[PDB]
Every structure is written in C-alpha cells, then in structure tokens.
Amino acid sequence: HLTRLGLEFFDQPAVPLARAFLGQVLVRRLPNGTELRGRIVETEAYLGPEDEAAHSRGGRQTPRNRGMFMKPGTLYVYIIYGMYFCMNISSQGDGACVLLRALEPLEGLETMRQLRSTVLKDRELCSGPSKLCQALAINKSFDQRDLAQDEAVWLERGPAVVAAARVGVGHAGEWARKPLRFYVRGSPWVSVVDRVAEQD
Amino acid sequence: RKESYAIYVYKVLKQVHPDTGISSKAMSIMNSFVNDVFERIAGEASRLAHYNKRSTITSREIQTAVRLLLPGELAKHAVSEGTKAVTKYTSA
Amino acid sequence: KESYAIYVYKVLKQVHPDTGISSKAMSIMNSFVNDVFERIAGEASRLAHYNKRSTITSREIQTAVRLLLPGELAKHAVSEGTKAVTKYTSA
Amino acid sequence: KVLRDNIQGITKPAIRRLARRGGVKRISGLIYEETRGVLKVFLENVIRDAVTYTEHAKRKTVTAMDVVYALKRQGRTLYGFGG
Amino acid sequence: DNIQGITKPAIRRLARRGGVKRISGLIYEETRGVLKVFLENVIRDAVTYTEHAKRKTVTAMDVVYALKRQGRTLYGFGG
Amino acid sequence: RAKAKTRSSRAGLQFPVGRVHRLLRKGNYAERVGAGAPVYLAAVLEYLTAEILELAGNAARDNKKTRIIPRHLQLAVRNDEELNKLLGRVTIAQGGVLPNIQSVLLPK
Amino acid sequence: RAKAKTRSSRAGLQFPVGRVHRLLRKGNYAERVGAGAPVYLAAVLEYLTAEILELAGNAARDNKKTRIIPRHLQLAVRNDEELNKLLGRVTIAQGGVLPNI
Amino acid sequence: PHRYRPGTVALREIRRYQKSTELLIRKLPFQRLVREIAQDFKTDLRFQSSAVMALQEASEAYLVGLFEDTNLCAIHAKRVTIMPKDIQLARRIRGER
Amino acid sequence: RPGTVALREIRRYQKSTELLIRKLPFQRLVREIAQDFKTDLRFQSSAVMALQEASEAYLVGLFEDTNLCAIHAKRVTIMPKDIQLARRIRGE
DNA sequence: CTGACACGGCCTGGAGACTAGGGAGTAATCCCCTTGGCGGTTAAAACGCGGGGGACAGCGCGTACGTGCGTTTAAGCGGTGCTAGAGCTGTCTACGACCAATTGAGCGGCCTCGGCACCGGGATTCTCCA
DNA sequence: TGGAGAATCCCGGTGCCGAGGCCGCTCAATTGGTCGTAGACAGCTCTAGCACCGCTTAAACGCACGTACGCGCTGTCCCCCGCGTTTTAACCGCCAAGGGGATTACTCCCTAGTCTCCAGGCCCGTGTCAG
C-alpha cells in the first residue's frame, strides 16, 4: 500500500527525530484484524554516548544494547518494576535513541480498557509508557522485529509545541536540564508539564 | 480526692479472714500490688492487641495476658475465676 | 510492610560512603530503630500520665531521652533534637 | 508422631564448643547434663510463651514473631528477625 | 564528705541481715562505693522526674518511678 | 426505670468492675474496651488479693497477731513460690528478710 | 496549594518525621501528639543510628571488608561502654562474641 | 570473766537483724548523703521525708541482697569471711558496672 | 601439651559467628518440647533459628559467668556448682 | 566464580489549608510541709587490746579430662510431592462509643475503744569452761 | 557431762493512738437509646511446611594413655571478733519563717478533624562487583 513509512523516513539525527515524531499516527496491527489509530503527544531523545542519562553512557557496549550498527530505526524494548517495558527507536549514529512516552487513541477504547488489567478516567487512560506498551501487547520477543516490514505496526501521516527539560533523571551531570522534550500546548492529557517553560 | 483499692481489699480480707484486720502500711502495700498487677495485665493485653491488629481489649486478651504473666497454678486458678465471672456476667 | 531501610542507607552514605550493608545487618538496624522508638515513646507516655497531661510534646521526649540514654549519648541526643526542633520551627 | 528424648541431640562436642566460645579452658564431666537441664528450662519458658502467643492469634504455625515477642517478654531482645 | 556517715557498724548490721558471719576490713569502702553508685543512679532519675514537672522538691512518687524504671519496684509509698 | 444493680454485684465480685473499666479506658491501652474485660480483670485482681491476704492472715495467726503488718505480707509472698516468682523484683517496705542462715556458718 | 516541602527536610533530618508522627498517633501513647515530638524523636533515632553505623564502619574497615555484617555491629555496640549499657539485654543474631581469655 | 567464742555473737546478731523489720542505717547521715548526691545534679533542691524514707528502704534492700549474693560467693570459695572480690564477682554476674 | 589446643579452640570459636549446635537435633528438641503445650503444631524455619540464636547466646553468657565463678575459687575447671551459683545470682 | 545487592510504574499516605474547641500556660492566693537552729538526754559509734581462728601458701597424690586415632553414623544438601493453612477479601451484624438523666456508693471528716508496744519479775534454755 | 553467767520468753498491768465504724454528700457509675464500624464468618489462592530417598563426608563416638590439676592435710601468722571505756553526734521536741505545692479562673494558641492533591517509597527480574 501507500500509507506506510519505510526505513528511509527515519534517516535523520536525534533532534529531527524529536521534531518529526510528533502528531503522527501509530497503528498497532493486532492479529484480530483491527486498528488502534493512536496519536503520540510527547517524545524523549537521548543523544548517544555523550549523554549521561542514556543507556550507552561512557562507551557502554552491553549485548542487549546492540541494535544500532546495522540499520537506523530499530525497534527496542527493555525491562523496567520487573514486568514493565518501554518503547525505543534507534536514531542515526551509535547510541542515539528516541523513547516513546504517551499517546491518545480514537477508537477501540474497550480493548485497552480491559486488556491493561492484570479509576478509569480519560486523562489517566493512556498516561504512562509501560501500561500503554502493555496495551499494544509488545513483549520482549519483539526486540528483533524491524520497524517497517511484514504486517506489523508502522507509521501513518497525520492531518503550539513547547520544549521542556529533563525530569526524573536526577540532579547531577550537565545533560539533565537541556530543553528538548516536545509537548503540544493546550492539551490537558499531558502527564508531565512545565509551568515555567510555557512562557519561554 | 484520691481513689484507692482500700474498701475492696478490706472486703476480701473480711471474707477470707473474718477476725483479722489490716494496718495502714499493709493497705498501702496491697493497693500498690493491685495497681502493679493491673498495669502489668493491661500492658500485656494492649501489646497482644497491637500485635494481632485488634483495636479492642476483650476477655480473651486479658485471659492470655494472665496466662503469660502469672506462674502456672496462679494462672490456672485466675483464668478459671475470670471465666466464671464473665459467664455469670453474661447469663445475668 | 514498612521499614527504615532507605533511611539507614541515607545515613550510612552520609557517614561512610565507601561501605555497603547486608540484608541481615539492615534487619538488625530496623529492629534497633523500632526498639529505641518504642522505649522513648513508652517513657513519654508514662511521663504524660504521671503529670496528668494528654500531650506528648518535645519536653516529654527530651526527658525520656535523658532518662533512657546514658550520659554522653544523652547529651548529644538532646543537642541534636534541640537543633532539629529549632530549625523546624525557625522556618 | 511421638518424639522421644531428643535432649541427647545436644551432644558433648556442642557443649564444649559453646564453653570454648565462652572462654572455658577445662570442663567437668558433669557439666553436660546440667547444660541439658538449663537448655531444657530456657526452651520450655520461651516455647511456652511463643505457643501462647500463637494460640491467641488462632494459628497452628509458630512464627518468628512469637519467639521474638516471647524473648522480649523474658528480658532478652533478639534483633535480626523482624522485631 | 558525708559517705563516712554510713558507718562501719551500719554496714556490719546490713551484712548481718544478709547472713554474713565474718567481714573483712576492706568491705566497708567497697560497700560505700556501691551504695554511692546506686544512690547516684536512682537520684539522677528522681531529679529528672522532678525537673520535668517543674518542681523544687523530690517526692516519694518520683523515687518510686525512678526505682520502677530500674526494675526495683518499691511497694508501700503510694501507687 | 429499673433498679440499679452494680456490674460487680451481677458477676459476684467485690472488686469494682466499672472502676476497672474507667481505668482501662483512660489508661491508653486500646481505643475500645470490651464488656467482659473489666469483669475478667476484676476477678483476677480479686483472686490475687485473696491469695496474698489468706497467706498473710495465716502468718499473722502464726505470730499471735490480729492485724496484718508489712512483715506478714513479706513472709506470705516470699514463702509461696508462685507469689515470690511473680513479685521477685518487688521490694516490700518494712518487710525484712526471711530467717535463712547457711549450714556452713552454724557451729558443730 | 503552595510548594509541598517535606517536613523531614524542614528539620534537616533524614528519618521519616511524618511516619514517626503517625506511629506515635496510632501507637496509643497519648491522646494528642505535639508538633515537635516527631521531629525530636526522628533526630534522636537518626543520631543513634549514625553512631552505631560510625563504629560499625570502623569495625568493617579494621577487618579489611567493605560491607557491614552483624559481627561488625556486635563489635561496634560492645566495644563502646554507652551502647553496651543501652543494649545490655539485647542479643544480635549472627553477632558472635568478643575475644577475651 | 565470761567471754563468748567468735561466732556466737555474730549468729545472735544474724537472728536479731533477720527477725526485725527496722531500718539499720541512721536516718540523718543518709539524709546528708542524699543531699550531697542531689546537689551534684540540681542545686537548691528540697526533699519530702517520704522520699528519703523510700530511698533508705530501697538502698537497704539492695545492700541486703548484695550481701546475700556476696555470702554465697564467699561460701563457694571455701570461706566464711567475705572480701571485696566477692562483691565484685556478685556485681559482675548480676550485670552491674 | 594439654591446654594449647583448648586455647586455640577458644581463639577460633570467638572469631567465628557460626552456629555451634547442629540444626536438626535442636529442631527435634524444640518440637519435642512444644508437644507438651499444644498438639500438632507447625513451626517456621525462622522460629527455630531464632530459638537457636537465643539458646546459643544464653549458654555462652552462662558459661562466661560460670568461668568467672570457677576462677573465683582458684581453679580452671568449671563444675556444676559454678553453674548453680551463677544461675542463682542471675536470679534464675 | 557467583550470588547478594544496587540502579533502574503507581498509589496511598503525607502535606497544605481551614475550622474550632479544649488543654495547657499564667497570675494570684492559701496553708501544709520543709528547713534550720537550740536544748539535752543518751543511745550509739570510735578506739584500744588480747587472743583464737581462719585465710593462705606449700606439698603430695590419685584420678579424670585433654588429645589423638580409628570406626560409625546421621547431619546436610539436593530433589520431589502433597496439602494444611496463612493471608487476603467481601459482607453484614451486633457490640461498644457516646450522650443525657438518675442515683447511690465511696470518700472526707470525726468519734471512739481495743490491739499492741513497753516495763518488769521469774521461769527456761544457751553457751563456755572445767 | 555439771555450774554459772548470760540471753530469751511468758505472763500481768498500762496507756496510747491508730484502726474501724457512722454520716453527709458529691461525683462517678448505671440505664436507656442510637449509630457507626470493628470484627466474626465464609471462601479462595497460593506460600510454604512436612514427609520421604539417597550420597558424600564431616562430625560424633568409643577407647587408650598420660599428665595437669583438683583436693586433702598441715603450719603459720595476720586479722578480725568481742568487750570495756571515752568521745561524739543522732534524735526528740518546739518555734518559726519562709518557700512552695496545690487549687482556681481565664484566655489563648495549638492540635485534632477533614478535603483535596500529589510526590516519596514500595514492588521487582538482570548489571555488575567482593569476597
């Protein structure tokens, strides 16, 4: 078909991936033949080996953090507790990554309303990356899956934006306060907001 | 005013020894004994209720506090007398 | 279940940063904190009932610490508690 | 189902080990039976108190809390088991 | 120096109450030191109980509480 | 209304049930106090008072006295093994000691 | 609402002053509990824990180990006269005894 | 004249001071001792008479129990005369320092 | 020489923190004692280990007091009378 | 060479803020209990001295623990299997806190008389020397 | 063996003050009803406690020998006991004067109670280091 984004779309550095992964649709393809049509509202970006909050800080070459020297835009999940996971996409360059944070759906609300259970407001319906990663049913066995192949999840083109600093990485280092996390303005479904960075 | 266990110790003394009196210092010692045993049993029962997440002191807490505090034959006779008193309380 | 494990971590990192602690030693320190807390609070309850007050203030805790703890420990514990209460009420 | 005299399981080298930990250079042959009796009395008191704590809570399992509370009663607080 | 007021015949009489038949001459100084240590331990707690209540005099209940604090409960002085 | 019967009078106790209830409620033991706990505690304190008083009266009879003095209470506590075990850390004022001379101090 | 600063940080302490306040309230010690009593008790508990950990860390360093075991806690308590006076009637599990002959 | 053997007067005194319930230390020296100990803690301090009587009864009971344990310590070492090492042993076993 | 192996055992059993009584005979002793108080009791492992820690510490402290009693009577051999003297002075 | 420990969502209990009511602080007053000094009688301590007797050191013996070695055994670890019951949740009921009116029981005060300490003479042992 | 000095108990009178009984009344215990929640009761899940089998293997057990050590015996010499005499100060009674405990009214501030919200701490299965 034509409504699919290939591997050539992701071939940019870290901050254009931060800029060009906002307001775009992530359509998870469940085996029942349905759709999700979720629009992402915030992202995070780790620059690479020079970032203190990244997983490859100071030349870390663990065998689990290996999906960057064969292709850009590689799907990655890591265990975070003890059952939770996170959504990571490898950017251009060794160690560069972008992390998915939160999205909003528009159909099939019953699916993650009943699937996320192992109090149900719309603001807290999809707030938190781990339970939304559980809602798309992507486990640790899909870490080797390539992003734009087979019948699995791809990207779909959609129809202000405020940059905020890092929150929750600790009060240490020099990369813990750079404003790069992009969130849309006026949205009341944003989990973490910056009241002092809104006035710029 | 000051409250004391004087008349009750006197009543018990006249009940068990009907021709025997008691001095003032002896009544002070018996009053201190009653206060000490009461504080011991109630402290043990409070600890037992806090350990088992119970906010009430029932007759069972006093029973096991008496069994923990008093040595054997005293504990058996005191538990029997307390059970008799509670049974007479509920039935009347 | 609540425990004082992270607080003994914080104190040990303030006083001895190149020193870890095992699980059994942390269980011993949790029991020690509970034991000292029960002693001081029970003594403060006793001096509340002796003076016919229904309030545990800092004075009852200070006098309970001075009764229970031996000499130099009592002096330094009174100094530490007084500094903490003055700093907390100064703000 | 019925256990015999297992008091002899506290053997003679165990009592010698405990006395050498205590700092004893020489041990009489009649020390051992006195140590069986002393250990029997101590365990009788502590186990009786812990069993009382157990049957007050309506349980069939004696917990580490029951022994810890029994020893806290008997004036000898044991740290390390959650007390 | 009022520790000499606890005289040698008083220590002998307290030993006679304890069933002691023969007494060495160096017993009395050790008994004075033991009694002084015990009285310091009780009197410090009694003074502490007095200062908590904001009073100038030490009562019998303060001494009774100080002795119950050390596991030496005294009957007959109130409770 | 109805005739006022004492809670001690309806359990056959001389010790006050209601006073023990009030001392339990103001003693900061638990937030609630059941109905049978003051009755049980009154019966237990009545029994222990009776146990010391009977033995002290026997000691007062043995010393040709009509009143009970502190010496009789000390003899009654220290001669019974259970009451001596219960009151082992208790000093009775004006109590004295038991007459106990060791066998190695007596002459031959 | 204003900034929610923790009451433990207001006293410059590390122990959970709110938890000590709650445990004093539900422990049935008095009808009401004053404001400075949990602060004082948390400071005293923090000082005693800090002194125990001082001597335990020195005992672990003297035996060339970088982790406190209960043997170090026993040597720390028993080698000081005041902490041995406070913990005379206390048995430390896996604690051992001191070398004396 | 008549002179008693060593041991008769001591056992007579043991029976005399075990039959009696009186206080043995003179009251005024004990008062002065309590005052000089308490002046090392808080100056200008008064005392109830019942407080000093309580202190005297407790101190006399403690010393009688100490002398009983001392007597057993001396009997254990094949002696009838008590010595300061007996008191030190009894207080070391009892847990006092 | 008679005594140097005893001294090295004293030196090596004071630096160690391990449990000196075998585990299973102590477990069977605890279950044999607990049979007389209640029939068909269960035990946790931590309960038996707490009992063993308390028993070992109690016996070690008793043997220290026994050694002081033995050295007091000018001998280096502990005897049951030393245990009985220390046990009476401790109040048991 | 490896296993214990540290570095990584969500939920519930701490915290801010308002209300209000009663517990504790403060000023003043009343009288009971503490202190201090004097007389004066005398019980009690201090001191000296002789002598019995018990602590203490030395020595010899007899036995009973230490030490070492070989044979026995059952703790200890690993693994499996079964099920008692520990622990948690849901439901609902009866039991205790709480309040207002009632009332009688215990406490302070006061009067009175009988047990108990004390003095004293004679009977009855206690002990020590001969 | 007995005699004698000395200590101890018994019986008789006395006089004293503290126990024991009575009374007014004030405060706390009883009675009745209501209401909210702690806790008994039924049920389920899954932790963990017990029972059983087997292999190494360290520890308990039995025995042999020797020497250190407990233990009895003896001499001796200091050191404490017993008693008479002298100095010293505890103790009973009394006055008084002052401090200070104990009670009362009041007025004030502080801490319980509650509503809402949010941030610290708990749960947890793999990265990396110290025995």
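Residues numbered from 1 in each chain as written, not as in the entry; some residues may be left out. Chains lettered and ligands numbered in written order. Heavy atoms only, no water.

In terms of determination method and resolution, the entry is listed under cryo-EM at 3.0 Å.

By the naming in the PDB entry, chain I goes by Histone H3.2 and is assigned to Xenopus laevis. Here chain I is described in UniProt, under the heading Sequence similarities, as follows: "Belongs to the histone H3 family." (UniProt positions renumbered as here; feature names shortened; annotations may be inferred.)

Looking at the PDB entry, one finds chain E named Histone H4, with Xenopus laevis as its source organism. Chain E has a UniProt comment under Sequence similarities that states "Belongs to the histone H4 family."

1. A closer look at the protein's contact with DNA strand K
The local shell around DNA strand K holds 77 residues, among which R1 of chain B, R17 of chain D, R12 of chain E, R3 of chain H together with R31 of chain I are the closest. For DNA strand K, the backbone makes up 93% of the atoms found within 4 Å of the protein, where backbone means sugar plus phosphate. One nitrogen or oxygen atom from the side chain of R64 of chain A is found 2.6 Å from a sugar or linking oxygen belonging to DNA strand K. Between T56 of chain B and DNA strand K, the recorded distance is 3.1 Å, taken from a backbone N or O atom to a phosphate oxygen. Listed by contribution, the elements that provide at least two residues to the surface near DNA strand K are α1 (5–15) of chain C, α1 (12–22) of chain D, β1 (22–23) of chain E, α1 (17–25) of chain F, β1 (32–33) of chain G, α1 (8–19) and α2 (27–38) of chain H together with β1 (42–43) of chain I. Along the lines of polarity and charge, the residues of the surface near DNA strand K split into 22 nonpolar, 18 polar and 37 charged. (Near = heavy atom within 4 Å. Polar contact = N/O pair within 3.5 Å; in protein donor to acceptor, adjacent residues only side chain to side chain. Helix = DSSP H or I, 4+ residues; strand = E, 2+ residues; numbered from the N terminus. Nonpolar A, V, L, I, M, F, W, Y, C, P; charged D, E, K, R; others polar.)

2. Examining the environment of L62 of chain I
In this structure, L62 of chain I sits in helix α3 (residues 45–72). What makes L62 of chain I buried here is its relative accessible area of 1%. Residues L62 of chain I and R87 of chain I lie 25 residues apart in sequence; the distance between their C-alpha atoms is 7.7 Å. Excluding residues that lie within four positions of it along the chain, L62 of chain I makes contacts with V38 of chain D together with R90 of chain I. (Buried < 20%, exposed > 50% of the residue type's maximum accessible area, 1.4 Å probe, protein only. Contact = heavy atoms within 4.5 Å.)

3. Focus: the interface of chain D and chain I
Taken together, the contact between chain D and chain I spans 46 residues of the former and 54 residues of the latter. Applying the counting rule to chain D against chain I returns one salt bridge. The closest approach of N and O atoms between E9 of chain I and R20 of chain D, which form a salt bridge, is 3.0 Å. The tally of links between chain D and chain I comes to 15 residue pairs in polar contact. Elements with a contribution of two residues or more to the side of chain D that touches chain I: α1, β1 (26–27), α2 (31–56), β2 (61–62) and α3 (64–73) of chain D. Looking at the side of chain D that touches chain I residue by residue, the class counts come to 25 nonpolar, eight polar and 13 charged. Two strands pair when backbone bridges link them, and β2 of chain D and β1 of chain I are joined in this way by two bridges, in the parallel orientation. (Salt bridge = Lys/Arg side-chain N within 4 Å of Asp/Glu carboxyl O. Pairing = 2+ DSSP bridges.)

4. Remarks on the interface of chain F and chain B
Between chain F and chain B, the residue contacts involve 53 residues of the former and 55 residues of the latter. Taken over both partners, the interface formed by chain F and chain B buries close to 5000 Å², and the fraction arising from carbon and sulfur atoms is 73%. Area buried by chain F at its contact with chain B is led by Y29, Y40 and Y47 of chain F, which between them contribute 16% of it. Connecting chain F to chain B are one salt bridge. For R22 of chain F, the salt bridge is made with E3 of chain B, and the minimal N-O distance between the two is 3.5 Å. Joining chain F to chain B, the criterion identifies 16 residue pairs in polar contact. Those elements that place two or more of their residues in the side of chain F that touches chain B are α1, β1 (32–33), α2 (36–62), α3 (70–79), α4 (81–86) and β2 (90–92) of chain F. By residue number, the principal contributor to the side of chain F that touches chain B is α2 of chain F, which donates 20 residues. Each residue belonging to the side of chain F that touches chain B can be placed in one class, and the counts come to 33 nonpolar, seven polar and 13 charged. (Buried area = accessible area lost by both parts, 1.4 Å probe.)

5. Focus on the pattern of salt bridges
Residues and elements named next belong to chain A. One pass over the full model with this rule turns up 32 salt bridges over all chains. Residues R39 and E104 are paired through a salt bridge, measuring 2.8 Å at the closest nitrogen-oxygen approach. Under the relative-accessibility criterion, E104 is labelled buried at 16%. For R101, the salt bridge goes to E44, with nearest N and O atoms at 3.6 Å. For the pair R101 and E44, a shared accessibility class is recorded, and that class is buried.

6. Here's the deal with the arrangement of the chains
As for chain E relative to chain A, no contact occurs, and the smallest C-alpha gap between them is 46 Å. Contact between chain E and chain I is absent, and the minimum C-alpha spacing across the pair is 13 Å.

7. Concerning α2 of chain F
All names here are of chain F. In a regular helix each residue adds 1.5 Å, so 27 residues correspond to 39 Å; α2 covers 39 Å between its end C-alpha atoms and thus fits that length. Here α2 lies mainly inside the structure; 20 of its 27 residues are buried. Where α2 terminates, the next one or two residues include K64, which has phi positive at roughly 60°. (Expected span 1.5 Å × (residues − 1).)

8. Thoughts on the pairing of strand β2 (residues 38–46) of chain A
All names here are of chain A. Taking burial as the measure, the nine residues of β2 include eight buried ones, the bulk of the element. Bridge count between strand β1 (residues 25–27) and β2: two bridges; the pairing is antiparallel. Each bridged residue has a counterpart across the sheet, and for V25 the counterpart in β2 is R39. Pairing between β2 and strand β5 (residues 97–104): seven bridges, direction antiparallel. The partner of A45 across the bridge, within β5, is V98.

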